[PDB]
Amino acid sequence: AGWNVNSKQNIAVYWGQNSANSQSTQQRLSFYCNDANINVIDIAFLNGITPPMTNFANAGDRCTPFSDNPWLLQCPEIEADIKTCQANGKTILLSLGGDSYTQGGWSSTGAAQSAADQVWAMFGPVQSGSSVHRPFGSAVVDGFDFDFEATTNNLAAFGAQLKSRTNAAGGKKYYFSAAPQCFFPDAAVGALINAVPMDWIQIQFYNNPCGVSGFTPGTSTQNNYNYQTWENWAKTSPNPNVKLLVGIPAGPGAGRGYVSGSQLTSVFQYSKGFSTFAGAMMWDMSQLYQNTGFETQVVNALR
């Protein structure tokens, strides 16, 4: 039944950007919704907000741009697949920003609040009184992942307005995650995650010296891998009960600091010792499914 706050074996995986970058490495979203081990999928990315822009790599081939915004896609296959995945018991979030987000956020709190209301009208419940375009039609996401990686002015105000709308909503639970890099504090989402409660934070423990590649097996004194710093911060954050996922590259081509074998098992056994630990995150689905046997290694490390 999707995200499980009481489990230490959650696995969140990004889908949409085809990191593996071959013609066949990213199937449609629902191909990956029969995996008993993957209970959260983040759709990557809404890479523009004001104005809105969607990029789903070659999944875009089965979409049609909206007539008045060529960078915003109408995606009936992703729509159908979100509904299928949710019927199959998966939590499907939309990931906001990503490494190709260049708009730099909003000049005022008011502009950030208006942008949040537009994202909610585009991707949350269908609003009968709204003219906004809906990339996923009558599909409704299960919440939002904040993956901003450059300075994003007034992201805290944007996040607070979107959280206001999800907190007011009926129907189902909406979740909030953020994906800071492991360097502490995080420049891009630091203000957001110090202001707005998250359900979990999926830290990118890669592309940085604090990543899982810097973990020292055989000891619980860790000079580089900084999970402990993140747990200490989490306990006084706006949601003091927020959970952490350990985010890793799903293949050597997915990011710097890929780990496997005993390094991978050991860093997960260390991380499992912490009360905030709730599982793993991986970048990304295309890399994971190409990297034969790697998913089994991660599942076996979390057991």
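One-based numbering along the sequence shown.
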Of 88-96 vs 69-77, the stretch with the larger average CA B-factor in the entry is 69-77
Entry B factor averaged over C-alpha atoms, 138-146 against 190-198: higher for 190-198
Residue set 229, 204, 177, 219, per-entry CA B-factor max assigned to 229
Here the Cα B-factor of residue 21, set against its chain, lands in the third termed middle
Assert third(CA B-factor, residue 265) within chain per record equals lowest
For residue 276, the third of its chain by CA B-factor is the middle
Tertile call for residue 298 (CA temperature factor, within chain, third-based) is the lowest
Residue 292: C-alpha B-factor third of its chain, per the entry, is the highest
